[PDB]
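Engineer: Structure in structure tokens, see below.
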Ligand SMILES: N[C@@H](Cc1cc(-c2ccc(Cl)cc2Cl)cc(CP(=O)(O)O)c1O)C(=O)O
Ligand SMILES: *[C@@H]1O[C@H](CO)[C@@H](O)[C@H](O)[C@H]1NC(C)=O
Ligand SMILES: *[C@@H]1O[C@H](CO)[C@@H](O)[C@H](O)[C@H]1NC(C)=O
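Residue numbers (UniProt numbering), protein chains in the order written: chain A, 608 to 656; chain B, 412 to 444, 447 to 579, 598 to 803; chain C, 536 to 584, 602 to 838; chain D, 637 to 686; chain E, 804 to 845.
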């Protein structure tokens, strides 16, 4: 799961058991979205040569 | 010897006088002395010196130079003339050069050649740090694409349910899925049934991914916006007869005790009073404390701003464009009344313009490099 | 006043050739084959310590959809699918990067900046402009020790009256134009299809003249000077010249539009056709 | 959901803007550069005395 | 003395690295399946 999240998305699983695992994976996914965004930007930096 | 038109510098001791393409100028000084004044002041160069030297070299007459000892651009002092022009009513000299304006009270006695450098009461503004649009997030796409999107949604949902009739997926679940997919993602929901109908949502997803990508790409342009220069017409502007339409911080820069003042206290006087607390000591404090929001709009004679612009390290100091100025006059040359040189210097200075040289001269002194 | 320039200016329409523009026609098919390659490699990888299912899983993640039920139940197939997904991220990411870098860079050509501008520094025939005949302009262009190279280039296309030039350039026949300031300044602020470079070009100034030594000169000369302290001419300005307003409003990168995104919209028709085929073909296969 | 997409996208775009124009001032282009034609006190430039 | 341009897909050769890593992962997958067919031995 957590690998399938930094890179965009796939493979349906939930791990939904006790809502606290939920509040845990939440911050992870947050960090993921900001990471992906930063990457897209600073790579669009290099395609201008 | 006031402006960067008429500079004087210390006499060069290493090779006699000045050693470089200038003319000397003397200074006979006696004050609170019986004795005789006089001594070689200095070598004496500058823009006005340049035009004088060339024009004399071309109209074949010779001259010399000593400075004014008592006065300035003189005015009427008990119905008389002191200083510069006073040195010409007394016939103690023949002509007057240097930064000098033209009005009636001076056009009475001395006479004035055709002016060369323009001048007038102008304004000084400063740029603004960026203007990101308020309705940016709906700019980078035309009006078509959105309703086109909506109707494509509808038709795809229709063909979906109808190729499906060959818990139960219907209009609601399908449209909800499709919306939630074309936008990045959301809300795990039921899928369509049947292996074959899956093709449709697939190609739709392709459409959507390329869509979102293109959209963020385009919108990544409307955050790069150029420097925004303010706009204002001549001093007949709504923004200054009624300056409280916005905050009082909109301060106005005009140094007192001079031609700006006198040419102001004659027509409105209301800007004059409203500028009461907004007085400023000269050009130094003005063009320093203007950059930092304490001084915002300015009032002065353009023939100094159009110079001081191209010296400041920054670039946020630009006047408004030409053809929007107040006191259309020009610096010139002053001669004794009805002499026999008005005609000749006139023809020769118009010649100077016609042959394209004053541009070179202004390039040497007047305008700097800091073109905007 | 002085001299200025005049040229048409408008919102550009910098546009992509097609949604597929930022790729070459080859790689588009390279990925299309490689996806099935790695799919069937999964299919022959997991089966030994689900065909259409693994097909779907494999071909979905390149679409970030939600479709897909199966998954790898081995270990090696897992260690493959991870990098497969990473590749799926990189593809679309690079796509976004490239399209962006394209649409930020392509800001259209500069305006004609002035006399020293490169884009007109030499006389040129792919970029044609005119001037005013029998006027002060070719008078000042007579004595051009240096400028003679463009002097001839103009005098081979000179024009007669303004109504020629303005109406022509509005019709995009010519590229550039020259005159004294006031005329074109007004003509710009009146109708807002044209602008100026604002660059001053050669000082001058109008005035009044009479045959020599006529007894008027002094009176009119003092009158005019009287007519610039009381600001009567300041009023005349607003009476005739600084008359209208069209905002500067530096143009934008020209939103994509209804124009070419229909390259994508070409996809829904292919979807419909393939569907009405595949329904009958499914009836048969069933 | 649409609002979510808009906020995330705008975030990406703004960051893309701020990185592209993160490059220092141009090398001194010669003897006629602004930053050297008229002096300043930020970065100084001289030679050896005499 | 300088300008900038935007390419088209920028290459196939510049993109080759991704396929390099793709093939490398495929090879590791194969060798790991083999090592699993081995380590069922335990
Ligand atoms: N032009 C007037 C005198 C005069 C001169 C200047 C001036 C100041 C600095 C520099 Cl560097 C150059 C100049 Cl020309 C400014 C004003 C403006 P103010 O009225 O606020 O004193 C003025 O009156 C004359 O010749 O009768
Ligand atoms: C404008 O932006 C520059 C960028 O460095 C900054 O230094 C300056 O303080 C800003 N000024 C204002 C008024 O926003
Ligand atoms: C300027 O003039 C005002 C009023 O005319 C006077 O109060 C002030 O002292 C003057 N300042 C100077 C420096 O002459």
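The beta carbon of each residue, even a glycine, is placed where N, CA and C say it ideally should be.
Taking CB distances under 9 Å as the criterion, tell me whether residue 656 of chain D reaches chain C.
Structural biologist: yes
Engineer: Can you find a C-beta in chain A that's less than 9 Å from the C-beta of residue 821 of chain E?
Structural biologist: Chain A, which has no Cβ nearer than 9 Å to the Cβ of residue 821 of chain E, makes this no.
Engineer: Cutting at 8 Å between CB atoms, please list the residues of its own chain near residue 671 of chain B, excluding the five before and the five after it.
Structural biologist: 683, 702 and 728
Engineer: Please go through the same chain and pick out, in chain order, the residues whose beta-carbon is closer than 8 Å to the beta-carbon of residue 773 of chain B, but skip the five residues on each side of it.
Structural biologist: 524, 526 and 766
Engineer: Taking just the CA atoms, how far does residue 816 of chain E sit from residue 904 of chain C?
Structural biologist: Here chain C covers residues 536 to 838 and nothing more, so residue 904 of chain C does not appear.
Engineer: What are the complete alpha helix (DSSP H) segments, minimum 4 residues, inside the stretch 450 to 487 of chain B?
Structural biologist: Uninterrupted alpha helix (DSSP H) stretches at least 4 residues long and entirely within the stretch 450 to 487 of chain B occur at 460 to 472, given in chain order.
Engineer: Rounded to whole angstroms, what is the Cα-Cα separation between residue 502 of chain B and residue 771 of chain B?
Structural biologist: 17 Å
Engineer: Since residue 652 of chain D meets chain A, which of its residues come closer than 7 Å, beta carbon to beta carbon?
Structural biologist: 648 and 651
Engineer: Report yes if the C-beta of residue 431 of chain B is less than 8 Å from at least one heavy atom of ligand 1; otherwise report no.
Structural biologist: no
Engineer: With 8 Å as the C-beta to C-beta threshold (strictly closer), list the residues of the stretch 549 to 578 of chain C near chain E in chain order.
Structural biologist: 556, 557, 558, 559, 561, 562, 565, 569, 573 and 576
Engineer: Assign residue 799 of chain C to one of three DSSP states: helix, strand, or coil.
Structural biologist: coil
Engineer: At which residues does the beta strand (DSSP E) containing residue 808 of chain C begin and terminate?
Structural biologist: Here residue 808 of chain C belongs to no beta strand (DSSP E), and DSSP marks it neither H nor E.
Engineer: Three Cβ pairs or more, each shorter than 8 Å: is that satisfied between the stretch 784 to 798 of chain B and the stretch 469 to 476 of chain B?
Structural biologist: no
Engineer: Residue 627 of chain A lies in the alpha helix (DSSP H); which residues open and close that run?
Structural biologist: 627 to 653 is the extent of the alpha helix (DSSP H) around residue 627 of chain A.
Engineer: I need the DSSP call for residue 685 of chain D, collapsed to helix, strand or coil.
Structural biologist: Note: residue 685 of chain D maps to coil in three-state DSSP.
Engineer: As a quick check of your reading: which residues have a C-beta less than 6 Å from at least one non-hydrogen atom of ligand 3, in chain order?
Structural biologist: B:687 and B:688
Engineer: Measuring CB to CB, does residue 743 of chain B end up less than 9 Å from residue 801 of chain B?
Structural biologist: yes
Engineer: Whose CA, out of C:620, C:615 and C:666, lies closest to the CA of residue 614 of chain B?
Structural biologist: C:615
Engineer: Is it right to say residue 811 of chain E is buried, meaning 16 or more other beta carbons lie within 10 angstroms of its own, or is it exposed?
Structural biologist: Classified as exposed, residue 811 of chain E has fewer than 16 neighbouring CB atoms from the shown chains inside 10 Å of its CB.
Engineer: Please tell me whether residue 454 of chain B and residue 479 of chain B are closer than 9 Å, where the distance is taken between their beta carbons.
Structural biologist: yes
Engineer: Give the residues of chain E in contact with residue 639 of chain C, contact being defined as C-beta atoms less than 7 Å apart.
Structural biologist: 821 and 825
Engineer: With 9 Å set as the bound, which would you pick, yes or no: does the beta-carbon of residue 654 of chain B sit closer than that to a beta-carbon of chain D?
Structural biologist: yes
Engineer: Please list, in chain order, all residues of the same chain as residue 684 of chain D whose beta carbon is under 7 Å from its beta carbon, the five residues on each side excluded.
Structural biologist: none
Engineer: List, in order along the chain, the chain A residues whose C-beta lies closer than 8 Å to that of residue 616 of chain B?
Structural biologist: 616
Engineer: At a CB-CB cut-off below 9 Å, which residues of chain A make contact with residue 644 of chain D?
Structural biologist: 640 and 644
Engineer: On a Cα-Cα basis, can you pick out the residue from C:801, C:622 and C:675 that is closest to residue 545 of chain B?
Structural biologist: Of C:801, C:622 and C:675, the residue nearest in Cα terms is C:801.
Engineer: Between residue 632 of chain B and residue 607 of chain C, what straight-line distance do the alpha-carbon atoms span, to the nearest angstrom?
Structural biologist: 16 Å
Engineer: Tell me the rounded alpha-carbon separation between residue 539 of chain C and residue 735 of chain B.
Structural biologist: 23 Å
Engineer: If you measure between the beta carbons of residue 733 of chain B and residue 531 of chain B, is that distance less than 9 Å?
Structural biologist: Their beta carbons are under 9 Å apart, which means residue 733 of chain B touches residue 531 of chain B by this criterion.
Engineer: From what residue to what residue does the beta strand (DSSP E) around residue 731 of chain C run?
Structural biologist: Its beta strand (DSSP E) spans residues 730 to 732.
Engineer: Just to check, is the beta-carbon of residue 666 of chain B closer than 8 Å to a non-hydrogen atom of ligand 1?
Structural biologist: no
Engineer: Rounded C-beta distance between residue 508 of chain B and residue 764 of chain B? I'm assuming under 8 Å.
Structural biologist: 6 Å
Engineer: Could you check what DSSP says for residue 789 of chain C in three-state terms: helix, strand or coil?
Structural biologist: helix
Engineer: Roughly how many whole angstroms lie between the Cα atoms of residue 741 of chain B and residue 807 of chain C?
Structural biologist: 37 Å
Engineer: Am I right that residue 752 of chain C and residue 753 of chain B are in contact with their C-beta atoms under 8 Å? What's the rounded C-beta distance?
Structural biologist: 6 Å
Engineer: Can you check whether the C-beta of residue 528 of chain B is within less than 9 Å of a C-beta belonging to chain A?
Structural biologist: Answer no: the Cβ-Cβ gap between residue 528 of chain B and chain A never drops below 9 Å.
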